[PDB]
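Presented as structure tokens, the chain that follows is alone, the form deposited in one PDB entry.
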């Protein structure tokens, strides 16, 4: 069933045991799993994306490119690129959902696989990667489909205005001990908002988005 991936990919392995290893979670083999390929793949793809950014972005200033990169090398973004490859259909895994973290790990492991299989031909792998995703990446940027970091955007707003940082405090924690929903207040001066999520961080991001919003209505 690797052949469907090999077509979506447009590459055929000279060693299918590499491709297999890259699609295989440890809960299906503690002998041959994506972990190591995931390590190389992260470095290899971060490089692809950054290289891409320096090529096409007119504003080449590190203060501009950086927060772009923080998004385009993120698990959240890798999962989107994986959707083009229907990556979840090829993942050797037993007990556990194929959640965003697994998908992203495989996506990293995959490109490591291609790289090594091509004989560590980074030039080839890079262009193959660009063949698949360059237009998708560049279009996300152009159309503003880049996830905003509201906590950082907020704090930079309030530090310029009041030389202070907002306060996030925990309001409630409810649900089964791994299906928890957090509710968090975010406050600056006397402006107060709420957020809810499945991590303390996620709820703080929501509240902070509301707070940015609230400060603009005023």
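Numbering follows the first chain given and starts at 1.
Below: the form deposited in another entry, not depicted.
J.: Looking at how the chain moves between the shown form and the other one, with two rigid parts pivoting, which one of 180, 65, 148, 80 falls at the hinge?
T.: The listed residue located at a hinge is 148.
J.: Kindly indicate if, in that other deposited form, the C-alpha atoms of residue 201 and residue 39 are closer or farther apart than in the structure shown, bearing in mind the change is 3 Å or more.
T.: Compared with the shown chain, residue 201-residue 39 is farther in that other deposited form.
J.: Where do residue 198 and residue 105 end up in that other deposited form, Cα atoms closer or farther than shown, with a change of 3 Å or more?
T.: Note: Cα gap between residue 198 and residue 105 widens in that other deposited form.
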